[PDB]
Amino acid sequence: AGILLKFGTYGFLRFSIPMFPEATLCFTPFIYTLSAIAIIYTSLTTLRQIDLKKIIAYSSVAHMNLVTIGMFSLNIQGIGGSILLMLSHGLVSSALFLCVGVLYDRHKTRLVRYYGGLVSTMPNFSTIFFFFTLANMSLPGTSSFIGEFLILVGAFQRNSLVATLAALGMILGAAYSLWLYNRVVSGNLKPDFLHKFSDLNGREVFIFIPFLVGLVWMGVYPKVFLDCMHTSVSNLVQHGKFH
Amino acid sequence: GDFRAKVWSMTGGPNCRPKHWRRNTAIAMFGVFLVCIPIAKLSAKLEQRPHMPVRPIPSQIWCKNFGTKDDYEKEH
Amino acid sequence: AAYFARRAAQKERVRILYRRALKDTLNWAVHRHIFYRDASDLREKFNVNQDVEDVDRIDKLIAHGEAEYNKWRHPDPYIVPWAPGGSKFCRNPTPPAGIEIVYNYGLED
Amino acid sequence: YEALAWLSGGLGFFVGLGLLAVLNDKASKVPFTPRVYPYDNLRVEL
Amino acid sequence: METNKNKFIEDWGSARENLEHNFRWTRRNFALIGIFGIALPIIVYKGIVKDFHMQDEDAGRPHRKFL
Amino acid sequence: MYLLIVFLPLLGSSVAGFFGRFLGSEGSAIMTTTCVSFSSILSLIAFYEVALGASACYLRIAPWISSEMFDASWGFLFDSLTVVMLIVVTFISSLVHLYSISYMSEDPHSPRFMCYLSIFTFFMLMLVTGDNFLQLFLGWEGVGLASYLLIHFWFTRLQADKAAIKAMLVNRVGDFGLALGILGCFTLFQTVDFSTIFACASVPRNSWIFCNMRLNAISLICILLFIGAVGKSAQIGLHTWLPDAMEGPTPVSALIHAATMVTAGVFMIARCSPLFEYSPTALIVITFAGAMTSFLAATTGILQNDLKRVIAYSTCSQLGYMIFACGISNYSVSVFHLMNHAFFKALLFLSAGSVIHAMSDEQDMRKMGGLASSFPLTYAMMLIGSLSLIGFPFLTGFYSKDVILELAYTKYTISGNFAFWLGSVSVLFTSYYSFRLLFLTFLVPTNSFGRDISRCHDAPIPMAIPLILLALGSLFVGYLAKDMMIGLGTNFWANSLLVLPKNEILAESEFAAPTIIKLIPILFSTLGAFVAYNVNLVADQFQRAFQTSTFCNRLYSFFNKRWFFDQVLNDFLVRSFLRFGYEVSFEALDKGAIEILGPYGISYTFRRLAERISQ
Amino acid sequence: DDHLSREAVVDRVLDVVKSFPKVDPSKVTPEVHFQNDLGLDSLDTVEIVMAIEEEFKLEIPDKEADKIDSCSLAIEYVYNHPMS
Amino acid sequence: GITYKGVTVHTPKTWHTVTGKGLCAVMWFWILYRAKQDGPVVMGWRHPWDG
Amino acid sequence: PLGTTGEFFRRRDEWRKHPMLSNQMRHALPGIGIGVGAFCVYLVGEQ
Ligand SMILES: CCCCCCCCCCCCCCCCCC(=O)O[C@@H](COC(=O)CCCCCCCCCCCCCCC)COP(=O)(O)OCC[N+](C)(C)C
Ligand SMILES: CCCCCCCCCCCC(=O)SCCNC(=O)CCNC(=O)[C@H](O)C(C)(C)COP(=O)(O)O
């Protein structure tokens, strides 16, 4: 969920957008419909999941589908936001799946209902998980917001219907993200099958520190990243567009 | 909290009340003051205030930019 | 006959009905001064017959009473705050009985 | 289902009251003339 | 440290995992699958294509074929 | 000096939350209160340097998003509207922090509460001082998140979790609306900064292609901004989260569910005054929704019997009047009502919290009876608050609550008479329940249990000084601010507000209005007080408890359950989406038809095709 | 949170049954049953339990409220609850 | 303090009742003074010397 | 009153009176006993 999902988008940004410009225009509405229905269907499907892994795997699908809306909307805002949200997802999904991995490597459940009300027992992991699922919300000041809002802006430069459905994607994305957060870290504990369990040791508390600093650096000051790409993105969008 | 005394509780356990918190409070105030001094220095360094005050305000004692934006043609 | 099992459900049903009717009329009567006559009338109503013997005049009466009670629920009944449904139940609950938290995990060898 | 009709009925009261405001025609009974300002009603100011 | 994992949970978890064995093309569910598989994509496709057409109409440029 | 105001709460919360163990359960609270108090002191300094000394200061830290003319920056906007909002938000936050040291003293999780409210105060300072939409959107989503967090303060409460989740749902609907509005601004003016849209918002008059028809941009943008602010301002579209969000701690319901975030959308629409002004279509729906909510909350709040829930409907009614005063192009009167309300409504909640703390949290007016002499100070505090709520003549409430209706009559349109009617009628219900609160509690023969009476324990020093300050505020602030904010042409809104010459009903209102209307709100309030006295102290055998069979008890259920709208909306949208999130997709899509004719469902013919080619 | 002992409860519990005038307030015992010894109806018994409910602030669930027909069970139930 | 027949309440603090009474008195005085000064202004009895 | 249960409720909760708080009707406006006096003294004092 960190690299392989980028091959399709990067391949679109390299060997599909430039070489076939008018084909991209002719196939633009079809991609919009596919991405919008993917966002909506995945959002509605992921809110009734009990598997501890698929719950965010579908979030990854939703984010990747939302990427293509502005990736195929030929625009400096759209493509720039596309890569920014791509990096943001590559960080946030990685962090979420590491959290799921550490949760699974202690208890070995792969369920969601077993865990509950463990904030009184693992407060550090609670804060880290809150920050990660908080970035998944696309808060301004977090990684996902700048890129994702740039995608919305770029698509609304071209079209006014489909990316409104993209924005409607986040009316439920944030909802089920916090609901999922509240399955596990909230409520009273159930010490019927949670006898003994520990918190993050020195390794996995330091492993998130690069994630935290990269996330905040994305959120508060993404100018350095946009600085190095505005030439390439603008060259990409204007190729085969003489006028 | 029978078991809650075993967790680290980064922001403080159920009822921590450490043995010496007043000294920690004092050093916390000192650190906040020390860290907000550069914030004040930066704030006084960047503040336009295009219009001159009607009466002498407690400003312009550390701020030197007053009436520096009534030249709205040489603006980048 | 002579089986108290059939005569049982009548007694507990009417007693529980009296209890819940008292609770709901206390909900209705905010002031206790006007609650006195209301409670007197309520207990008189349950004592109007107080003399049923037949098996035909027992189930219909309690069914009618329960159905009429269904029409008066007072959507917001009073609940004790720490009772299961109040404003302070599960506020700062006592920690569960027994759990242990290990310290050294994910070490070498 | 019973609660649904109250939402339609409650909103029906407001549009019914909204219809009454339409029938009342409050707009045309002003006791004042439209405002007059110097400099062509502030044409240069707008 | 491993959870007790009481028996009354894994059965429902596998039923949610192994739902692929319960599908027999019932007519009501056939209409349900058909509408959300075709019609809604068609409706939204018309929405975007007509949005583009109306945007291009105001500017006066001829409409793209949009195959 | 000016950068400090927004970062002292943030830094104090950060250190008190990262190192809350070091400072303990009391050091963190006292230091957070200290930081917010000095933030309020510098806010007062800024108010003197900006409001009286009229010279707006503008400072820019660093670009946030430096893309193709999307230059959102960390710049700050300090105008007259900003400073008057700051001297409210930070002052009330500091006094609530003082109030919560003693109120949240028996609780275990003291430092977490302080850090939560302090990061929230930082977020709202960022909101108020924000120079562009993105910074404003940042503060707005931050304050929404922090409100959710404070509702979720007691995680173990199952009801509180659901309430916080529903609040997040409605806030996210508002996020949808406001994000679409903000982006729609950029597609028109190629900017998001306040000073560019205001400078050039009248030139365009084109119509867009917004996905269904051709609509004017400015009207569409204003409608989208209203759809964004309905959740935050608690308007007719989505305002079911206030009464259900009272499950959280009282001080946050006291601090924030009554003062600024409920009026955050009001401040947002007032800030963009020269954008709603050019769309007369929008102001119609603003006034319509304001009247709608001011009537809904007033009607629903008359039969409530919960201490902390009945006043939330009063706050919703106040929000309705604020929105109405915004829709009349007289936002100065709206912000005047804002500053008047932030004193006495917060005073009412703080007095109620002081009472509820001493009576062991028995928020049911069916219980508390006559022990007013037991709690005289809090009685005086909430009496001042409620009298200002009524709009008592020649008090801080009268200077706005009567003027708003007076301005309502003086405008002659179809919705104007409707909104004026609703505003006049809502006075009766508002006074009725605000006086029933004082009647059924501390003015009737006592019904509270002996175990609560014996406790007594009058409010200590920590949570009485803020009450005293709010009392002295909501007795003279209205008089001291009536002349200096709305003085029939005062020089207090040089750039904060844009008053349209045509929709400028201020001069003609005071002189052409009849004397009879200028006193009829007083008569309505007195009638409501007399009705409350009759039904709560003299005639309560049938007017208070009616043993009716049908068509009358259903009316009791109608107002009590809030028109059953908390149930219709759930079953018709949330339940429907919860069911159809799985019922269609997880059954007849994903694994399924794409699987039976896909990888291994029935396309695995090779297994059946294996033993046919070896013949 | 004083955890008042039984000796501090044997008086307030007996107060309500002493104030009950339908039976003489002279033959009442801490261990007595209102159905046979004191001769009460099957309806007035819950009145005393409710009166105790206002006397001591505690909600007794509807399931076992009617099973308390002896004065011993009421004081035992109010004492057994920790937060009483 | 003292009990009637089983309920006892602590005496209200001196520094609370005194301030409550005095502050109620001063706000009543302020209300009445405001009524004396600009009472006719808001009731149409006399205009603030503007006509 | 009479009714075999109204009197029963009244008898046990006779402490509800507690004369100091049986009828808090004298103190509806606690500051009006001194506020009006101060106002009238100022009215006759300034003149
Ligand atoms: C994209 C992000 C943008 C920035 C967002 C920042 C907002 C704050 C994010 C964290 C909020 C705190 C949520 C943490 C999880 C909540 C539950 C929890 O686990 O709390 C922890 C930790 O509590 C905290 O909240 C500390 C975290 C820091 C909170 C303050 C954040 C301040 C820094 C963020 C904002 C800085 C300013 C902006 C920076 C540019 C333990 O709480 P205890 O009180 O110790 O309970 C004990 C548990 N038990 C009873 C079982 C024994
Ligand atoms: C808005 C709705 C309109 C108003 C709704 C009002 C609802 C009114 C409901 C009225 C229901 C009734 O009458 S309920 C009245 C039911 N009464 C009876 O069953 C009498 C039975 N008596 C006996 O069994 C024996 O004499 C004995 C064992 C000694 C007694 O012990 P019990 O007592 O244990 O039975």
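Per deposition record, electron microscopy, 3.7 Å.
Quick reminder: no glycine exception, Cβ is built from N, Cα and C everywhere.
Features reported for this protein in Swiss-Prot:
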- F:3-23: transmembrane segment (TRANSMEM)
- F:40-60: transmembrane segment (TRANSMEM)
- F:76-96: transmembrane segment (TRANSMEM)
- F:113-133: transmembrane segment (TRANSMEM)
- F:136-156: transmembrane segment (TRANSMEM)
- F:217-237: transmembrane segment (TRANSMEM)
- F:250-270: transmembrane segment (TRANSMEM)
- F:283-303: transmembrane segment (TRANSMEM)
- F:319-339: transmembrane segment (TRANSMEM)
- F:340-360: transmembrane segment (TRANSMEM)
- F:375-395: transmembrane segment (TRANSMEM)
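Annotation: stretch F:217-237 has the most Cβ pairs under 8 Å to the transmembrane segment (F:283-303), among F:40-60, F:136-156, F:217-237, F:375-395. Segment contact is absent for the transmembrane segment (F:217-237) and the transmembrane segment (F:113-133), given fewer than three CB pairs below 8 angstroms at sequence separation of 6 or more.
Between the transmembrane segment (F:319-339) and the transmembrane segment (F:250-270) there are 3 or more Cβ pairs closer than 8 Å, counting only residues 6 or more apart in sequence, so the two stretches are in contact. Remote same-chain residues near the transmembrane segment (F:76-96) are listed as 2-3, 5-6, 9, 33, 36-37, 39-40, 43-44, 46-47, 50-51, 54, 56-61, 117, 121, 124-125, 128-131, 194-195, 251, 254-255, 259-260, 267, 270-271, 335, 338-339, 342, 346, 350, 466, 469-470, 485, 492-497 (criterion: CB distance under 8 Å, separation of at least six residues from the stretch ends).
Residues 109, 112-113, 116-117, 119-120, 122-128, 130, 163-164, 167-168, 171, 174-175, 178-179, 182, 232, 245, 247-249, 252, 256-257, 261, 264, 268, 271 of the same chain, all 6+ positions outside the transmembrane segment (F:136-156), place their C-beta atoms under 8 angstroms from a C-beta of that stretch. Distant neighbours of the transmembrane segment (F:3-23): 31-32, 34-36, 38-39, 42-43, 46, 59, 76, 86, 90, 93, 111-112, 114-119, 121-122, 125-126, 129; these residues of the same chain sit at least 6 beyond its ends, with a Cβ under 8 Å from one of its Cβ atoms. Sequence-distant neighbours of the transmembrane segment (F:375-395) (same chain, 6+ residues past either end, Cβ-Cβ under 8 Å): 314, 340, 343-345, 347-348, 350-352, 354-355, 358, 401-402, 427, 430-431, 434-435, 437-438, 442, 458-459, 464, 467-468, 470-471, 474-475, 478, 521-522, 525.
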